[PDB]
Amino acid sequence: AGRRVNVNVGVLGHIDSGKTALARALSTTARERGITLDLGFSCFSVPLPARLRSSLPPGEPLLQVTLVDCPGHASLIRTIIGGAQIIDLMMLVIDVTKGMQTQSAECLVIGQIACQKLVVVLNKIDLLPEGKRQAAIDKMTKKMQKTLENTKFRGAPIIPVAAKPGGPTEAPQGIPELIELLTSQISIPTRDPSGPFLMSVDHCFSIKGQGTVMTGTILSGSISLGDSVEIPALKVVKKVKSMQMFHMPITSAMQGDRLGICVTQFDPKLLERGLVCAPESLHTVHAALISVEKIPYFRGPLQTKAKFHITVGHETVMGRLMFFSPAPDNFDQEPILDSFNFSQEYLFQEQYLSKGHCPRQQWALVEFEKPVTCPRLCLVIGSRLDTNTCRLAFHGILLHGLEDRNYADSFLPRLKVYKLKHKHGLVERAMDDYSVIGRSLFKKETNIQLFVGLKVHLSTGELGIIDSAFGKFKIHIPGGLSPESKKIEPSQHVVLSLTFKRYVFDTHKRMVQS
């Protein structure tokens, strides 16, 4: 054959929509095994569109399209997410008799947060009776355009096809048109091989003679023979002996390609799936600062200290969250997605602010239950997996990873997150025109000596300065109690305003007033 370019194209959808029947139906045009438990890979070749010659590194050039057939069962969502990080376009498959099902929504949300283009595929069309057939498709079609109105796939194509007519042997319908649409729809990114080398491994096995082989998809950069790769899951660097692709051995490879690499033998079952990359370029983290955006279909709040499933790149782990927002002086401030500013203060938030117009950017502090090796600025997704609604809660960017395991002692002091406290108490007696003995606002943590000098305010409107305790505590009022207060059945309360920095001022016991 001739020279070719690979594009990875996923197949997503509900639990029985025909994703595997359609991936197979597409490869045979250009048997029926059970449900799908991990990413299935197959491919087909097609003449290269003239608009893609700018991406090529005898026969007419070809476009090879790797199908990435995903699972559909709901227990396996953490794989569907991993498969979306290796594709460019995605086919969402719809059981045309059933429309959007529970995982069709989840897979679309994934699509908005990972891939660039979408194609909707209405399958199981033989099920429809020919009389009410074409009339029904237009309803489902129009229902889909509406469903995609809000999203970034607003004008995405919608194709009808029957990947296996009749139940579980006729011929599959509408496949030559779907191959031609994918061909016109495929867009190709920059494909620049400069930067870090990163590769997602989907299969690993030993060949008794020549080492251990890893097939997978290059996400970043380039690699050539002789290079060394780190395998973080084993904490060992190995040398690249051999590389094959398109049934031929090669010497180099760049982002977007899918190949197999041969290295010195290790135990393959030690790295089933996972990442591989240029040595000492991924960082392991116990915690991280990541920007947060809520996902709308998630009927529910996002509460600080709640526990989520967090997908950091291609590895998911549990973590507890602590949200925060800009200093209210900077709600209108631009969102920053590539860095984190530590020269500013941040308002603690017991909950994410979902629409008092909300802020343009919010953040969080993920504290992982186990370390996570991951790239910088990767993509974070939160979810609630441990019904019949969206389980995907939020998404964002890994803006700053904390590699020290003592980040709480060693590094957090740099993060100016303050809680805004505002407490209420009563006044009892007056011991002078400038004294006042009020109380009933503090707790059994009567460390009142912690506040001896802080400004307080009374319902009358005079600025008291706290003194020592007497039980209960004393106050000074340099301005003299007001007449209205001297008379005082009315009561005349007090209010205190402090900022409690969660870690910053934490190193100490006293709070901040300003």
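Each residue number is its position in the shown sequence, starting from 1.
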**Item:** Between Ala30 and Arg31 - deposited residues without coordinates, as a size class
**Value:** 10 or more
**Complete:** Unresolved deposited positions lying between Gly471 and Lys472 come to 1 to 3
**Request:** Look over 387 to 395 and 428 to 436 in the entry and identify the one with the greater average Cα temperature factor.
**Result:** 428 to 436
**Prompt:** Looking at the deposited entry, does 356 to 364 or 251 to 259 carry the larger mean Cα B-factor?
**Reply:** 356 to 364
**Asked** Out of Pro157, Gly300, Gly195, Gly401, which residue has the highest Cα temperature factor in the PDB record?
**Response** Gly195
**Fill in**
Note to self: of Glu350, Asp202, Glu170, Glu293, the C-alpha temperature factor tops out at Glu170
**Asked** Lowest, middle or highest third of the chain for the C-alpha temperature factor of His73?
**Response** lowest
**Lowest, middle or highest third - CA B-factor, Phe44** = middle
**Request:** Divide the modelled residues of the chain into thirds by Cα B-factor and specify which third, lowest, middle or highest, holds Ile179.
**Result:** lowest
**Request:** Taking the values exactly as deposited, rank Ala23 by C-alpha B-factor within its chain and report the matching third: lowest, middle or highest.
**Result:** lowest
**Fill in**
On the chain's distribution of Cα B-factors, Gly216 falls within the third called lowest
